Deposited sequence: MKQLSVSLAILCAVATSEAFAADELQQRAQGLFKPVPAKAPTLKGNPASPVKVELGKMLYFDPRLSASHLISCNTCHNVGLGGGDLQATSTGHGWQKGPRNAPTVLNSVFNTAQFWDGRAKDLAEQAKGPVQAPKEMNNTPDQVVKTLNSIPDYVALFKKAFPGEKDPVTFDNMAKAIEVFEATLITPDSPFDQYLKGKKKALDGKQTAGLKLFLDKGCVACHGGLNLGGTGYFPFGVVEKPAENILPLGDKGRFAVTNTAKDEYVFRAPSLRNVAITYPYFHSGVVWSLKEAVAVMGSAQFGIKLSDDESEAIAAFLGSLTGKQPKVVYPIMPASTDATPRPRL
């Protein structure tokens, strides 16, 4: 019946109306602003061409519209740039890896050598080179004889991301009150997302983002990609958060599947013992579309100028 609503209210949870407090990283006005500038400063990279936003494009659903990201040197990477919208709520920091490696973790500072091509110390050199950024670190991180450190730099970055959230997606307004926030097809898709076992791995605050599982997608030797079992190789893949999934194509860790309907079709896997008909993998995908919230209103930061003591671009 409409038991479905009350049901969903217990498995899922809307995105809070406001950025969550980070532990040991008190968000404040300057801190967010400094983090903002930082997220959008290509000088955090060696070339001075790549920022975070180059690959986690707030204007484009948070990702990079690439199958796999291409960083320094025009090098094509091994992985999809996952969104940065709502990342604040995931605990599973990687796509994939050995189970014995992933096992423990977390939670560390953002590190992007390879993609940005900068050692942490070079990053700290650059920051220290620009006066305005120092005055800014002192304001954001007050008690320190030295605030200009890769940890505080990360804290500030991450406090900005805390605000990159997406409240009131139609589905969130359905979990709140409005039952006709979802439409027929979408509401049909909600039920199938549940009664086919999808919420097992894609559940909670972020519809995923929280756990590792020994299943991944590959090329079939002989519809064209399929979920494989990596239990034997002691490997695991993250079950990504499905929030805003409509706007972050292409899909999976390798970005091999561009169509959202088609990606449902792969996920309705024999390995999890789920069978989907096209109408169900249609309908579900519909509901997936209901998970697109209100995109970030961001004023492009006015970043400060390099001084004679700033390292030159190493392309």
In sequence order, the deposited stretches missing their CA atoms are 1 to 21, 244 to 252
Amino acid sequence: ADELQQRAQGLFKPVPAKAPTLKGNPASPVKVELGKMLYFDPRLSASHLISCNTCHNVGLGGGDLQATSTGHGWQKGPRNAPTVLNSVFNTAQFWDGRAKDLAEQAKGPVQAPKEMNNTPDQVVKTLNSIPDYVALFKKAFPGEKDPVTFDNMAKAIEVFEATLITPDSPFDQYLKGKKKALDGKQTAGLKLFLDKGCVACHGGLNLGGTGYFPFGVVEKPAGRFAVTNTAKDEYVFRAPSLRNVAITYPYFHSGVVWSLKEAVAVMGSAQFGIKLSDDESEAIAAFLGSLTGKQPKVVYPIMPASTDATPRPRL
From here on, numbers count along this sequence of modelled residues.
Mean C-alpha temperature factor, higher of 4 to 12 and 306 to 314: 4 to 12
As the entry reports it, the stretch among 155 to 163 and 174 to 182 with higher mean C-alpha B factor is 174 to 182
Looking at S241, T83, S169, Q75, which has the biggest Cα B factor in the entry? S169
For the listed residues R98, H202, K220, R79, which one has the largest C-alpha B-factor as given in the deposited model? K220
Which third, lowest, middle or highest, does the CA B-factor of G268 fall in along this chain? middle
Looking at the temperature factor on the CA atom of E262, which third of the chain's modelled residues does it land in? middle
Could you look up the Cα B-factor of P29 in the entry and say which third of the chain it sits in: lowest, middle or highest? highest
For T91, return the chain-relative third of its C-alpha B-factor as stated in the PDB record: lowest, middle or highest. lowest
Using only modelled residues of the chain, where does the Cα B factor of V58 rank: lowest third, middle third or highest third? lowest
